[PDB]
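*Asks:* Sharing a structure here in structure tokens format.
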Amino acid sequence: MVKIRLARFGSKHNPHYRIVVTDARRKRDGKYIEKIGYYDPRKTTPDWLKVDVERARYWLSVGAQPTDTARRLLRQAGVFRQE
Amino acid sequence: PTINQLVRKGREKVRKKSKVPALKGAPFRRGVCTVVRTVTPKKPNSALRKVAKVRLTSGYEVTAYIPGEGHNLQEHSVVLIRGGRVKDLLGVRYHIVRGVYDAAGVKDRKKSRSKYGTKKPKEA
Amino acid sequence: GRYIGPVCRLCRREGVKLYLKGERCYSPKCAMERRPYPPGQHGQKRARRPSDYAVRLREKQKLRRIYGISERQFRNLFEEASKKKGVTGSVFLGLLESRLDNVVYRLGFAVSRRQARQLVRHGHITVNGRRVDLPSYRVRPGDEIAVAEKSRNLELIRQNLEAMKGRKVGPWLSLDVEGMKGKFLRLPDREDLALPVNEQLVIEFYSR
Amino acid sequence: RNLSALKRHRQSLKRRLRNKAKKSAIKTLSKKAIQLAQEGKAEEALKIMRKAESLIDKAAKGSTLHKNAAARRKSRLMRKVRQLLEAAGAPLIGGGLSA
Amino acid sequence: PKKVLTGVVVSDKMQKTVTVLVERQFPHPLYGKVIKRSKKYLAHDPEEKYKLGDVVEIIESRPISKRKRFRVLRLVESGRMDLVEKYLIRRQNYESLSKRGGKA
Amino acid sequence: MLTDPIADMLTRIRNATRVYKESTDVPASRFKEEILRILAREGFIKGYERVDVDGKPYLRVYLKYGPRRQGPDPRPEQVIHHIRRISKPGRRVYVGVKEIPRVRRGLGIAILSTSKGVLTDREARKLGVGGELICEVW
RNA sequence: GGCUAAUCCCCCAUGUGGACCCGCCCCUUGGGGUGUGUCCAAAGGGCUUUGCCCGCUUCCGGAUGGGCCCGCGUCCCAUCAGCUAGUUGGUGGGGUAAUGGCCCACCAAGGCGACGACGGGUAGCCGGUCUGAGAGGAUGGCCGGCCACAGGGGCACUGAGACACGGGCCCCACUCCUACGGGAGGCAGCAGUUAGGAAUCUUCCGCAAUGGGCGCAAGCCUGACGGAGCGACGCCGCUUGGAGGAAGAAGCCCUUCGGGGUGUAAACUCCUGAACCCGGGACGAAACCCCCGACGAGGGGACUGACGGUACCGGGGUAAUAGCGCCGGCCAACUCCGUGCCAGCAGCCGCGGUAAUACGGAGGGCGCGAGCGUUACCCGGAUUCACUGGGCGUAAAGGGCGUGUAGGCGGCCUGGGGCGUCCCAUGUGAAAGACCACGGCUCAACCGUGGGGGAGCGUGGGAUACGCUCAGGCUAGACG
Ligand SMILES: [Mg+2]
Ligand SMILES: [Mg+2]
Ligand SMILES: [Mg+2]
Ligand SMILES: [Mg+2]
Ligand SMILES: [Mg+2]
Ligand SMILES: [Mg+2]
Ligand SMILES: [Mg+2]
Ligand SMILES: [Mg+2]
Ligand SMILES: [Mg+2]
Ligand SMILES: [Mg+2]
Ligand SMILES: [Mg+2]
Ligand SMILES: [Mg+2]
Ligand SMILES: [Mg+2]
Ligand SMILES: [Mg+2]
Ligand SMILES: [Mg+2]
Ligand SMILES: [Mg+2]
Ligand SMILES: [Mg+2]
Ligand SMILES: [Mg+2]
Ligand SMILES: [Mg+2]
Ligand SMILES: [Mg+2]
Ligand SMILES: [Mg+2]
Ligand SMILES: [Mg+2]
Ligand SMILES: [Mg+2]
Ligand SMILES: [Mg+2]
Ligand SMILES: [Mg+2]
Ligand SMILES: [Mg+2]
Ligand SMILES: [Mg+2]
Ligand SMILES: [Mg+2]
Ligand SMILES: [Mg+2]
Ligand SMILES: [Mg+2]
Ligand SMILES: [Mg+2]
Ligand SMILES: [Mg+2]
Ligand SMILES: [Mg+2]
Ligand SMILES: [Mg+2]
Ligand SMILES: [Mg+2]
Ligand SMILES: [Mg+2]
Ligand SMILES: [Mg+2]
Ligand SMILES: [Mg+2]
Ligand SMILES: [Mg+2]
Ligand SMILES: [Mg+2]
Ligand SMILES: [Mg+2]
Ligand SMILES: [Mg+2]
Ligand SMILES: [Mg+2]
Ligand SMILES: [Mg+2]
Ligand SMILES: [Mg+2]
Ligand SMILES: [Mg+2]
Ligand SMILES: [Mg+2]
Ligand SMILES: [Mg+2]
Ligand SMILES: [Mg+2]
Ligand SMILES: [Mg+2]
Ligand SMILES: [Mg+2]
Ligand SMILES: [Mg+2]
Ligand SMILES: [Mg+2]
Ligand SMILES: [Mg+2]
Ligand SMILES: [Mg+2]
Ligand SMILES: [Mg+2]
Ligand SMILES: [Mg+2]
Ligand SMILES: [Mg+2]
Ligand SMILES: [Mg+2]
Ligand SMILES: [Mg+2]
Ligand SMILES: [Mg+2]
Ligand SMILES: [Mg+2]
Ligand SMILES: [Mg+2]
Ligand SMILES: [Mg+2]
Ligand SMILES: [Mg+2]
Ligand SMILES: [Mg+2]
Ligand SMILES: [Mg+2]
Ligand SMILES: [Mg+2]
Ligand SMILES: [Mg+2]
Ligand SMILES: [Mg+2]
Ligand SMILES: [Mg+2]
Ligand SMILES: [Mg+2]
Ligand SMILES: [Mg+2]
Ligand SMILES: [Mg+2]
Ligand SMILES: [Mg+2]
Ligand SMILES: [Mg+2]
Ligand SMILES: [Mg+2]
Ligand SMILES: [Mg+2]
Ligand SMILES: [Mg+2]
Ligand SMILES: [Mg+2]
Ligand SMILES: [Mg+2]
Ligand SMILES: [Mg+2]
Ligand SMILES: [Mg+2]
Ligand SMILES: [Mg+2]
Ligand SMILES: [Mg+2]
Ligand SMILES: [Mg+2]
Ligand SMILES: [Mg+2]
Ligand SMILES: [Mg+2]
Ligand SMILES: [Mg+2]
Ligand SMILES: [Mg+2]
Ligand SMILES: [Mg+2]
Ligand SMILES: [Mg+2]
Ligand SMILES: [Mg+2]
Ligand SMILES: [Mg+2]
Ligand SMILES: [Mg+2]
Ligand SMILES: [Mg+2]
Ligand SMILES: [Mg+2]
Ligand SMILES: [Mg+2]
Ligand SMILES: [Mg+2]
Ligand SMILES: [Mg+2]
Ligand SMILES: [Mg+2]
Ligand SMILES: [Mg+2]
Ligand SMILES: [Mg+2]
Ligand SMILES: [Mg+2]
Ligand SMILES: [Mg+2]
Ligand SMILES: [Mg+2]
Ligand SMILES: [Mg+2]
Ligand SMILES: [Mg+2]
Ligand SMILES: [Mg+2]
Ligand SMILES: [Mg+2]
Ligand SMILES: [Mg+2]
Ligand SMILES: [Mg+2]
Ligand SMILES: [Mg+2]
Ligand SMILES: [Mg+2]
Ligand SMILES: [Mg+2]
Ligand SMILES: [Mg+2]
Ligand SMILES: [Mg+2]
Ligand SMILES: [Mg+2]
Ligand SMILES: [Zn+2]
């Protein structure tokens, strides 16, 4: 079951996640399907979050399942807003 | 050789023989002395050159040189063998490492002491 | 620990004033006046024709001892210059002269480069409003270098700046002595520096 | 010691039993049917063949047979039965076969 | 695309099968010259319509036997017994590669 | 027979110029002519002309040298210092356009044969095509 | 041996749909539609039970993950030259999700090999990595992708998936228990022990973060993982002070006894203030959940930190580790003394039998500096296997000579084809790495974001000089 989730990237005490579409069975930092975004929790730059929503929407549409935190980010980026 | 010939035959890569069967090339090898003997060098040199026959952890019996001014080796002494040859002695392919195992560092050695394996004096 | 042992002896080996002491090294004490030859027993014996290697070596050493930088740093910095688009010699000089400690010397906050290194390391120096204690920090054009406000009252800072009244800094720099701040306007290029170094020789020294 | 799903093993045995049994059923029936078609016995040949078909599909229902497994078995069955009937012919009950 | 290859039929001798000899050219990866190499493919000939000497097209197919992966797509030109002959002579040349020799 | 007519011609020219002949005769082929035409446009030769010799066609190539010289050895600088085959039967050489050699910092030339015709490296680059690398000349 | 529940197992029904045989149609390998016959469904639970939630069944499609197949590429020995009976193919079966000699019956007699079959040796492959001007050589640790394995050998079972590391059966070796009948076990998981070795860590912390499994959820599990510890193993950053301070102390060294050197070095003066003490003290954490809405969207609100009282900030504050190799040439740095072919040094040439800049100490000097050396191994230099880029009269190297097979190579002119060759477009060339730009940790190492590049291969289009090919012609080669 294909997922949308975080993969850990920056160095020690420097977490940077790629927001990622991948089969759930994969190791988290291993080969993913597509990268639809990125997240820096320490907000060290003016843009600490980016998400490509036309693509996030695609993957949701075909049945990708977000992690709660993935979901959280996507919502922040308005993937979910219907107005 | 014609290009056709190179195509049919090709160059031969040139393999390199090893100067040191310390077996699996290891930087060093442990062994025990069989003989501690002195031996006499070749033509334009005269000396009593200090040497030790070692049985090795490799399953090899080799001949080693015992560098430095004087040595504590003898008989069943355990020892570390480092490779590199004494030129003017036939068949000595390796050196013994002073300061490791049963071979002590050279007594009263002020200049380069890391070779010869001796520690730093206190200035008196 | 990059160098830190007697200096005017290097002034003496390289056969040129290296200005490692600030004051003194101007007056008639520098030991270049008063016996300008190599140190040690044989310094006054007749010199022998230097190998190409010896030439290149000593040129490199000269340039390095000038900045007080280590060899590891010197070399990395050089490899950097060689990689960058544009003439390695010039670029290398610019990268060197771009060090924070160096800039603090050039600006006259510190009398020497060693003193500048200390001034920086003890954080009496601020880059762009923020403290910087690392001597190897690279000052980019536009950056403003100043003395941190709490350290503005230090006897040596007051002094050094007082003697900076009516003196001009390099053309790639500008100094306001009243606010104790500089600015690094441009990368200096070989002709801005009077350095007694043929850098072609240095380039040729690593070409080996 | 004692990692507690050897429960899985036990179950595996039970299922092994069920599957084995269903399979046996299917095979013995299939042979019965074909062997009947051999004899131009077509009425009860197709009768049995029909039972067999059912058993096969019913197997496919769970993990015993599952999908193309059954489909293949059914095909080979019907092919053999019809092939045997003609060569003496007369598809009496014509139960399972398209006309 | 299912690969198509072109070859000469060097073997009649099986049932419903022909052996198709297929040349290939390419620059040597180092020495640069154009070298010519070749491979025999067993191909499916169900109607046994393809004869010795035929130049045919061979098409990548669903596996048929162990080592039959191709079918015969079409005939290109009928009979070239020169190509066959070359093959045969090369084979016969093996006769003396070993402990001694016969005629050249 | 003659295994490499192009090499043969290049060599006839070399050989002839090294003794300072005014001209040499190469046997005639259209391809040879196209090569000559490049040379003669490029200044390496005075030119050439079709010529019959014992009833057979040839290309008479008119050689060109420098001023006479001083000191011992008055012999002139050659206009063709170097003329050399690259692609030969037995190793053929094809460059893509990104791989067209630049001969002697542009003071020399390479001559490619392309599907747009026989070109110099400059011509070929401007024309945006590669080809067989025939010879280099400087 | 006995009782018993269910989302456990079975029987009939309903047949949306689907499976199979036969026919028909379109399509073309077993794809899609259709007709008749036969065959096939389900499971219930929770709630505020009057309607929602959690599920169940059949089917079609999607998404992801995989199986199988083909072209091409992928080390040494030819002192391995012939290999092969399921062998190679056919018909028919069997088996499987599925093609297949995968397996079996029968039939044919084939299949492979000098373009290196068969045999032997070594070896996980790759992105990449090291080196190199490049071509090339070498490598494949960590990170990512694939394969394979789980004491050795076989085998299946259960499943969507395994022929399953912490599942099962059997044989073998080993360890342990043993009432001698018989049993137990499998760290190539995290730590840790032991052995071998020149040599390779803590039986630590945490579920806070990211990820995973089950659960309606609350929540539970997770030696994945986030961390900390140990080791200069690597890289990067940093300290051992800074300014002054004698024609220049003492000591030690050299001396032509006039002096020269260590040396602004020290002492000393003054300034700064690593360490250290005090105070404050993190980001990484907003979702899951609560509120309004409609358990949505939207809005709003609260809980949670192993690392850690850590990083960091503020105040205070002491001049406070330096070593290692070398100084005959290559190769940067020279003198004194001791030794006398000894003791020794040594990478190569070499040095040492009385002046030793080559041994040993000292003074001095050169190089690097929390390192400096040594050994091992890879590339380099080595254009010393020569594609780039070498050679064979006498240095190694023309086969004793021919005939010719395979193969390699091929004159002039014209035409068709467009395989080589060249050009355009497109797809692919993951991520990481490399390159460039901008950025985040005070810098950097490290990291983030973006951009560019890229051989090769697929597909479409185009060019025709050269090479190929087919067709025709010529006569300068060749033969007559
Ligand atoms: Mg997976
Ligand atoms: Mg935002
Ligand atoms: Mg949506
Ligand atoms: Mg001697
Ligand atoms: Mg440069
Ligand atoms: Mg300027
Ligand atoms: Mg200066
Ligand atoms: Mg269990
Ligand atoms: Mg259970
Ligand atoms: Mg039975
Ligand atoms: Mg089938
Ligand atoms: Mg052909
Ligand atoms: Mg036949
Ligand atoms: Mg078959
Ligand atoms: Mg066909
Ligand atoms: Mg044979
Ligand atoms: Mg024989
Ligand atoms: Mg003439
Ligand atoms: Mg003309
Ligand atoms: Mg020439
Ligand atoms: Mg070439
Ligand atoms: Mg190409
Ligand atoms: Mg250039
Ligand atoms: Mg019972
Ligand atoms: Mg009952
Ligand atoms: Mg219906
Ligand atoms: Mg029913
Ligand atoms: Mg059920
Ligand atoms: Mg029921
Ligand atoms: Mg209910
Ligand atoms: Mg797929
Ligand atoms: Mg057999
Ligand atoms: Mg058989
Ligand atoms: Mg079959
Ligand atoms: Mg077989
Ligand atoms: Mg072949
Ligand atoms: Mg083999
Ligand atoms: Mg192996
Ligand atoms: Mg290997
Ligand atoms: Mg490199
Ligand atoms: Mg390089
Ligand atoms: Mg090489
Ligand atoms: Mg390379
Ligand atoms: Mg490899
Ligand atoms: Mg490992
Ligand atoms: Mg790995
Ligand atoms: Mg195994
Ligand atoms: Mg084991
Ligand atoms: Mg065993
Ligand atoms: Mg086993
Ligand atoms: Mg399951
Ligand atoms: Mg099953
Ligand atoms: Mg298991
Ligand atoms: Mg097992
Ligand atoms: Mg396995
Ligand atoms: Mg285990
Ligand atoms: Mg398991
Ligand atoms: Mg058991
Ligand atoms: Mg066991
Ligand atoms: Mg363990
Ligand atoms: Mg245990
Ligand atoms: Mg041990
Ligand atoms: Mg560890
Ligand atoms: Mg714990
Ligand atoms: Mg968690
Ligand atoms: Mg989770
Ligand atoms: Mg547990
Ligand atoms: Mg860990
Ligand atoms: Mg001082
Ligand atoms: Mg004194
Ligand atoms: Mg001293
Ligand atoms: Mg004195
Ligand atoms: Mg104070
Ligand atoms: Mg927090
Ligand atoms: Mg917070
Ligand atoms: Mg939680
Ligand atoms: Mg509510
Ligand atoms: Mg909300
Ligand atoms: Mg402080
Ligand atoms: Mg203070
Ligand atoms: Mg002190
Ligand atoms: Mg010498
Ligand atoms: Mg050197
Ligand atoms: Mg020298
Ligand atoms: Mg003596
Ligand atoms: Mg020495
Ligand atoms: Mg050595
Ligand atoms: Mg004496
Ligand atoms: Mg003496
Ligand atoms: Mg002497
Ligand atoms: Mg000496
Ligand atoms: Mg020496
Ligand atoms: Mg000495
Ligand atoms: Mg360091
Ligand atoms: Mg080498
Ligand atoms: Mg080099
Ligand atoms: Mg080279
Ligand atoms: Mg050699
Ligand atoms: Mg060559
Ligand atoms: Mg040579
Ligand atoms: Mg001779
Ligand atoms: Mg000879
Ligand atoms: Mg001869
Ligand atoms: Mg002979
Ligand atoms: Mg002949
Ligand atoms: Mg021939
Ligand atoms: Mg030919
Ligand atoms: Mg021709
Ligand atoms: Mg044509
Ligand atoms: Mg083409
Ligand atoms: Mg890439
Ligand atoms: Mg920055
Ligand atoms: Mg590449
Ligand atoms: Mg392409
Ligand atoms: Mg194309
Ligand atoms: Mg045309
Ligand atoms: Mg003709
Ligand atoms: Mg005649
Ligand atoms: Zn000075």
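Ordering of the structure tokens sets the chain letters (A, B, ...); residue numbers start at 1 within each chain; ligands are numbered from 1 in the order shown.
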Kindly determine which residues of chain C lie within 6 Å of chain G, considering only C-alpha atoms (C1' of nucleotides), and give the answer as a PDB file with C-alpha atoms, in the first residue's frame.

*Replies:*
```pdb
ATOM      1  CA  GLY C  40      71.932  29.513  13.161  1.00  0.00           C
ATOM      2  CA  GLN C  41      75.603  28.653  12.949  1.00  0.00           C
ATOM      3  CA  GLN C 115      47.381  40.097  17.253  1.00  0.00           C
ATOM      4  CA  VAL C 132      32.743  35.939  14.909  1.00  0.00           C
ATOM      5  CA  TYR C 137      36.167  33.193   8.397  1.00  0.00           C
TER       6      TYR C 137
END
```

*Asks:* Counting only C-alpha atoms, collect the residues of chain E whose closest atom lies at most 8 Å from chain F, and write them out as a PyMOL selection string.

*Replies:* chain E and resi 32-34

*Asks:* Suppose we keep N, CA, C and O atoms; can you now write the selection as a PDB file, in the first residue's frame?

*Replies:*
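That gives us result23.pdb:
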```
ATOM      1  N   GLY E  32      39.058   0.359 -31.776  1.00  0.00           N
ATOM      2  CA  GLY E  32      38.336   1.228 -32.682  1.00  0.00           C
ATOM      3  C   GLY E  32      37.782   0.630 -33.959  1.00  0.00           C
ATOM      4  O   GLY E  32      36.658   0.977 -34.369  1.00  0.00           O
ATOM      5  N   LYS E  33      38.470  -0.368 -34.505  1.00  0.00           N
ATOM      6  CA  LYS E  33      38.093  -0.904 -35.808  1.00  0.00           C
ATOM      7  C   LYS E  33      36.691  -1.535 -35.785  1.00  0.00           C
ATOM      8  O   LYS E  33      36.152  -1.850 -34.728  1.00  0.00           O
ATOM      9  N   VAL E  34      36.064  -1.637 -36.945  1.00  0.00           N
ATOM     10  CA  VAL E  34      34.757  -2.257 -37.004  1.00  0.00           C
ATOM     11  C   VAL E  34      34.945  -3.751 -37.082  1.00  0.00           C
ATOM     12  O   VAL E  34      35.554  -4.271 -38.022  1.00  0.00           O
TER      13      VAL E  34
END
```

*Asks:* Would you give me, as a Markdown table, each residue of chain G having an atom within 10 Å of an atom of chain D, along with its shortest atom pair and that distance in Å to one decimal, using only C-alpha atoms (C1' of nucleotides) and sorting by chain and residue number?

*Replies:*
```
| residue | atom | partner | partner_atom | distance |
| --- | --- | --- | --- | --- |
| G:9 | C1' | D:18 | CA | 8.9 |
| G:19 | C1' | D:71 | CA | 6.0 |
| G:20 | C1' | D:75 | CA | 5.3 |
| G:21 | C1' | D:78 | CA | 5.4 |
| G:22 | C1' | D:98 | CA | 5.1 |
| G:23 | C1' | D:99 | CA | 8.4 |
| G:35 | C1' | D:98 | CA | 9.8 |
| G:36 | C1' | D:98 | CA | 6.0 |
| G:37 | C1' | D:98 | CA | 4.2 |
| G:38 | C1' | D:96 | CA | 3.6 |
| G:39 | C1' | D:54 | CA | 5.3 |
| G:40 | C1' | D:57 | CA | 5.8 |
| G:41 | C1' | D:61 | CA | 8.7 |
| G:96 | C1' | D:69 | CA | 8.5 |
| G:97 | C1' | D:68 | CA | 7.1 |
| G:98 | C1' | D:68 | CA | 9.9 |
| G:157 | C1' | D:16 | CA | 6.8 |
| G:158 | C1' | D:12 | CA | 4.4 |
| G:159 | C1' | D:63 | CA | 8.0 |
| G:160 | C1' | D:63 | CA | 9.8 |
| G:166 | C1' | D:3 | CA | 8.8 |
| G:167 | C1' | D:9 | CA | 6.8 |
| G:168 | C1' | D:9 | CA | 7.2 |
```

*Asks:* Taking only C-alpha atoms into account, report as a PDB file with N, CA and C atoms, in the first residue's frame which residues of chain E lie within 12 Å of chain B.

*Replies:*
```
ATOM      1  N   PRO E  27      32.065  -0.990 -33.520  1.00  0.00           N
ATOM      2  CA  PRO E  27      33.437  -0.564 -33.271  1.00  0.00           C
ATOM      3  C   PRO E  27      33.953  -1.293 -32.059  1.00  0.00           C
ATOM      4  N   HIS E  28      35.175  -1.769 -32.161  1.00  0.00           N
ATOM      5  CA  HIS E  28      35.816  -2.313 -31.006  1.00  0.00           C
ATOM      6  C   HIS E  28      35.953  -1.178 -29.999  1.00  0.00           C
ATOM      7  N   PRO E  29      35.525  -1.427 -28.758  1.00  0.00           N
ATOM      8  CA  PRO E  29      35.457  -0.499 -27.618  1.00  0.00           C
ATOM      9  C   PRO E  29      36.781   0.185 -27.275  1.00  0.00           C
ATOM     10  N   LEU E  30      37.882  -0.364 -27.772  1.00  0.00           N
ATOM     11  CA  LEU E  30      39.190   0.185 -27.482  1.00  0.00           C
ATOM     12  C   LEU E  30      39.991   0.442 -28.752  1.00  0.00           C
ATOM     13  N   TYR E  31      40.183  -0.605 -29.529  1.00  0.00           N
ATOM     14  CA  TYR E  31      41.042  -0.515 -30.696  1.00  0.00           C
ATOM     15  C   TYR E  31      40.349   0.122 -31.905  1.00  0.00           C
ATOM     16  N   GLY E  32      39.058   0.359 -31.776  1.00  0.00           N
ATOM     17  CA  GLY E  32      38.336   1.228 -32.682  1.00  0.00           C
ATOM     18  C   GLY E  32      37.782   0.630 -33.959  1.00  0.00           C
ATOM     19  N   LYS E  33      38.470  -0.368 -34.505  1.00  0.00           N
ATOM     20  CA  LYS E  33      38.093  -0.904 -35.808  1.00  0.00           C
ATOM     21  C   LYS E  33      36.691  -1.535 -35.785  1.00  0.00           C
ATOM     22  N   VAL E  34      36.064  -1.637 -36.945  1.00  0.00           N
ATOM     23  CA  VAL E  34      34.757  -2.257 -37.004  1.00  0.00           C
ATOM     24  C   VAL E  34      34.945  -3.751 -37.082  1.00  0.00           C
ATOM     25  N   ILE E  35      34.405  -4.436 -36.085  1.00  0.00           N
ATOM     26  CA  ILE E  35      34.502  -5.877 -35.996  1.00  0.00           C
ATOM     27  C   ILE E  35      33.115  -6.495 -36.177  1.00  0.00           C
ATOM     28  N   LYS E  36      33.107  -7.699 -36.726  1.00  0.00           N
ATOM     29  CA  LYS E  36      31.876  -8.362 -37.112  1.00  0.00           C
ATOM     30  C   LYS E  36      31.783  -9.663 -36.351  1.00  0.00           C
TER      31      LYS E  36
END
```

*Asks:* Taking the backbone alone, and naming residues the way the document does, which bits of chain C are alpha helix (DSSP H) by DSSP, as a ChimeraX atom specification?

*Replies:* /C:8-13,52-67,71-83,88-97,100-107,113-121,155-162,199-206

*Asks:* To check your reading of the model: which residues sit at most 12 Å from ligand 37 when counting only C-alpha atoms (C1' of nucleotides) and all ligand atoms? Write the answer as a PyMOL selection string.

*Replies:* chain G and resi 75-78+80+116-122

*Asks:* Those selected residues, please, written with C-alpha atoms (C1' of nucleotides) and delivered as a PDB file, in the first residue's frame.

*Replies:*
```pdb
ATOM      1  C1'   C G  75      38.053 -11.533 -14.778  1.00  0.00           C
ATOM      2  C1'   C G  76      42.565 -15.339 -15.585  1.00  0.00           C
ATOM      3  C1'   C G  77      44.573 -20.158 -17.953  1.00  0.00           C
ATOM      4  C1'   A G  78      44.115 -23.036 -24.591  1.00  0.00           C
ATOM      5  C1'   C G  80      41.433 -26.847 -20.605  1.00  0.00           C
ATOM      6  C1'   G G 116      37.066 -20.067 -27.372  1.00  0.00           C
ATOM      7  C1'   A G 117      32.300 -24.452 -26.448  1.00  0.00           C
ATOM      8  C1'   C G 118      33.730 -28.196 -22.254  1.00  0.00           C
ATOM      9  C1'   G G 119      37.417 -27.943 -18.093  1.00  0.00           C
ATOM     10  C1'   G G 120      40.202 -25.442 -14.192  1.00  0.00           C
ATOM     11  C1'   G G 121      41.155 -20.827 -11.149  1.00  0.00           C
ATOM     12  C1'   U G 122      39.434 -16.603  -8.805  1.00  0.00           C
TER      13        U G 122
END
```

*Asks:* At a cut-off of 12 Å, list the chain G residues touching chain F, using only C-alpha atoms (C1' of nucleotides), as a list in words.

*Replies:* residues 387, 408, 409, 410, 411, 412, 413, 418, 420, 421, 422, 423, 424, 462, 463, 464, 465, 466, 467, 474, 475, 476, 477 and 478 of chain G

*Asks:* Need to verify the contact set: residue 72 in chain E, 8 Å, only C-alpha atoms (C1' of nucleotides), exclusion of same-chain residues closer than 4 positions in sequence. Can you return it as a compact mmCIF listing (two decimals) with N, CA and C atoms, in the first residue's frame?

*Replies:*
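Output saved as out03.txt:
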```
# COMPACT_ATOMS: atom_id res chain seq x y z
N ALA E 43 14.85 -20.64 -34.26
CA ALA E 43 13.57 -19.97 -34.49
C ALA E 43 12.47 -20.93 -34.88
N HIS E 44 11.25 -20.56 -34.52
CA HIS E 44 10.09 -21.39 -34.74
C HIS E 44 9.57 -21.32 -36.16
N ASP E 45 9.56 -22.46 -36.84
CA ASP E 45 8.99 -22.56 -38.18
C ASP E 45 7.92 -23.63 -38.21
N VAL E 56 15.92 -14.51 -43.69
CA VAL E 56 14.65 -14.29 -43.01
C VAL E 56 14.74 -13.21 -41.94
N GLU E 57 13.57 -12.75 -41.51
CA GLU E 57 13.45 -11.97 -40.29
C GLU E 57 12.94 -12.82 -39.14
N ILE E 58 13.51 -12.55 -37.98
CA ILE E 58 13.36 -13.34 -36.78
C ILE E 58 12.76 -12.35 -35.77
N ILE E 59 11.74 -12.77 -35.04
CA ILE E 59 11.05 -11.83 -34.17
C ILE E 59 10.99 -12.41 -32.76
```

*Asks:* Counting only C-alpha atoms (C1' of nucleotides), what is within 10 Å of residue 433 in chain G, bar same-chain residues fewer than 5 positions away, as a list in words?

*Replies:*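 Result of the neighbour search: residues 127, 128, 129 and 143 of chain G.
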
*Asks:* 7 Å from ligand 17 is the threshold here; counting only C-alpha atoms (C1' of nucleotides) and all ligand atoms, which polymer residues fall inside it? Answer as a count of residues only.

*Replies:* 3

*Asks:* If you count only C-alpha atoms (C1' of nucleotides), which residues fall within 9 Å of residue 145 in chain G, apart from same-chain ones fewer than 5 positions away, as a list in words?

*Replies:*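 What passes the distance filter is residues 30 and 31 of chain A; 126 and 127 of chain G.
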
*Asks:* Would you mind listing what lies within 12 Å of range 18-24 of chain A as a PyMOL selection string, with only C-alpha atoms (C1' of nucleotides) counted and same-chain residues fewer than 4 positions away left out?

*Replies:* (chain A and resi 1-10+28-41+48-53+55-60+62-67+69-74) or (chain G and resi 63-65+210-213+431+448-449)

*Asks:* So that I can check the surroundings of residue 29 in chain G, please list as a PyMOL selection string every protein, DNA and RNA residue that reaches within 12 Å of it, counting only C-alpha atoms (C1' of nucleotides) and ignoring chain neighbours fewer than 5 positions away.

*Replies:* (chain E and resi 60-64+71) or (chain G and resi 99)

*Asks:* Ligand 41: which residues are within 10 Å, counting only C-alpha atoms (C1' of nucleotides) and all ligand atoms, as a PyMOL selection string?

*Replies:* chain G and resi 131-134

*Asks:* Counting only C-alpha atoms (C1' of nucleotides) and all ligand atoms, what are the residues, protein, DNA or RNA alike, that approach ligand 67 to within 12 Å? I want them as a PDB file with C-alpha atoms (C1' of nucleotides), in the first residue's frame.

*Replies:*
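So result_20.pdb came out as:
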```pdb
ATOM      1  CA  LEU D   3       7.995 -17.673  21.016  1.00  0.00           C
TER       2      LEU D   3
ATOM      3  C1'   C G 220       0.663  -1.746  22.699  1.00  0.00           C
ATOM      4  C1'   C G 221       5.150  -3.543  20.240  1.00  0.00           C
ATOM      5  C1'   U G 222       9.742  -1.878  17.407  1.00  0.00           C
ATOM      6  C1'   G G 223      18.480  -3.231  19.656  1.00  0.00           C
TER       7        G G 223
END
```

*Asks:* Point out the residue among G:208, G:5, G:83, G:115 with the least atom-to-atom distance to ligand 36, counting only C-alpha atoms (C1' of nucleotides) and all ligand atoms.

*Replies:*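 Smallest separation from ligand 36 among the options: G:115.
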
*Asks:* Let me have all residues with an atom within 10 Å of ligand 47, counting only C-alpha atoms (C1' of nucleotides) and all ligand atoms, laid out as number ranges by chain.

*Replies:* G: 148-153

*Asks:* Do you know which residues are within 12 Å of ligand 39 using only C-alpha atoms (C1' of nucleotides) and all ligand atoms? Can you write them as number ranges by chain?

*Replies:* G: 74-76, 122-125, 138-140

*Asks:* Can I get the residues close to ligand 78 as a list in words, where close means within 9 Å and we count only C-alpha atoms (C1' of nucleotides) and all ligand atoms?

*Replies:*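 So, counting only C-alpha atoms (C1' of nucleotides) and all ligand atoms, the residues near ligand 78 are residues 75 of chain A; 298, 299 and 300 of chain G.
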